Amino acid sequence: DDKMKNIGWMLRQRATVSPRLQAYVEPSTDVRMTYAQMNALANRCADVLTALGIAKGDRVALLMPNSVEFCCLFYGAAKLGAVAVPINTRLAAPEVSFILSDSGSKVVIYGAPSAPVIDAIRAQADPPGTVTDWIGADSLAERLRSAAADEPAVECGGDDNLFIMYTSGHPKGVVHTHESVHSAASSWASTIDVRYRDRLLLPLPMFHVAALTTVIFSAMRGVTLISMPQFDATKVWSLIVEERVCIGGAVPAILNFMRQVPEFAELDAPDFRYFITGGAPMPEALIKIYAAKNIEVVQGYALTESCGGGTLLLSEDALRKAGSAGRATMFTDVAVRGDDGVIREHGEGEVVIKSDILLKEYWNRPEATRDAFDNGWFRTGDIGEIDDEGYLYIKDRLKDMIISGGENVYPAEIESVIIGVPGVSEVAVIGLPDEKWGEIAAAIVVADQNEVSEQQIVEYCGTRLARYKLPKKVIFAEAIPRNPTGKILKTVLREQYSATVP
Ligand SMILES: N[C@@H](Cc1c[nH]c[nH+]1)C(=O)O
């Protein structure tokens, strides 16, 4: 009986071990709920979904702000064997319409901030045809008020589908199961220093895979979620103090802003131990200033396809291994697949993952699914290097890969050669559109133009790189666009140089 492997039943079990432990605290909306209350609201959510015709395998799209309803809808769907489709509320109406059609969502639950997108979608001549119900905030709240908190007969779990999350032309839907979600939650919970009764600040959207995994591992470990649905750097330290927060989810921008507000210098947070951050590596200067406040930083690497698991750079290693994405986590194997097709745990190549945290499939894309795997190893499309001690360094992401005359070219391959040229101080490589090649690799170079010439860089590149990998344009710039935490902004580069191509 797969109920024992059901994420919604897991919540019920946390509500049995620790019924009176705080589960969800959102001071902005005055929500302070125990695990027993959260389980009861999940049951009410399940009752509401049942009432709407949702059965095992049916998709319920979620387009709403962070809230305990978001969590309990997810849990409620889990108990029913339904499949949640959490949608990014920043997407425009055509992208949301695609997702609804592709997922074949039956019910759409939307927040008030998303009413304009839903309105635009429902106004189409032929809206997504599978949607039988569009349920906004007021309707959901009224339904919840009259629902019974009966525990559903839960008879699904394990490898049963649980959610579809879209990742990007058109996105693909990444299908996760009760098993993958549980594995990812276990992976985090067994790898990071998380403790029974820890209080964890979530100030990132719940439609991001890592935030979803955070919600689930919180129930798994008995952690209280402290919710900040709209991040405000001028309000976050107060919240961290008032709610005795132990761990916080963040990204480097957030931690940078949090360092600049008056509260950083002024409030003391003795219970706060570390942030878990996603995104580019944290700058050393930021790691150090947080370390002076006795706060550590955990970093890592994950994808939608890995349910937010993958590698973690533990606190002890943040400075030691600046720029690393860390080591493989519990329940995850991570390696690199060479140009030769050999998978190795040490060296350079395409990052590959083998783990129960992996997606079951891309939704209604069986060939894409097969092509993404090599003997159980998921091919990320990202390139990196694993050092002799097992630390992963990401070199380039799939999103920045260039297809030039049908050949794949990653920018880091070129950047790491050109940065070597004497007189070059910085280099970033992007693809620019091209009638002939589709995209060409353009090197944007900051250099002493008295010492360095375009011809010299290209003829120098011709020394280390196959001919098809040579930059087809070299562009000298006085500056490359970077964010305050020092990440090269390739999206800005592409915008800047759109004026140079037809
Ligand atoms: N080994 C089970 C454990 C589990 C899943 N969900 C809740 N518990 C699985 O991952 O499928």
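In each ligand, atom 1 is the first atom listed, and ligand 1 is the first ligand listed. Residues: numbered from 1 along the sequence shown. Any value given below was found using the heavy atoms of this structure, including those in side chains, with hydrogens, waters and symmetry copies removed.
- The distance between the ring centers of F257 and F231 does not fall below 6.0 angstrom.
- Within the model, atoms OG1 of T50 and CG of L80 stand 4.5 Å from one another, a figure rounded to the nearest 0.5 Å.
- Atom OG1 of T304 and atom NE2 of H208 lie 9.5 Å apart (nearest 0.5 Å).
- Numbered from 1 in the order shown, with element, the atoms of ligand 1 that lie under 4.0 Å from a heavy atom of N6 read 6 (N), 7 (C).
- The protein heavy atom nearest to atom 1 (N) of ligand 1 is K5 NZ, 3.6 Å.
- Taking 4.0 Å as the cut-off, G157 does not count as a neighbour of ligand 1 on heavy-atom distance.
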Are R337 and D374 close enough, and set up right, to give a salt bridge (charged side-chain N to carboxylate O under 4.0 Å, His left out), and what steps lead you there? CA-CA 9 Å; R337 179 179 189 281; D374 184 358; 2.8 Å; yes

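- By the 4.0 Å N-to-carboxylate-O rule, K395 lies too far from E413 to be salt-bridged with it.
- Within ligand 1, counting atoms from 1 as listed, the ones closer than 4.0 Å to a heavy atom of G158 are 11 (O).
- By the 3.5 Å distance cut-off applied to N or O atoms, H182 is counted among the residues near ligand 1.
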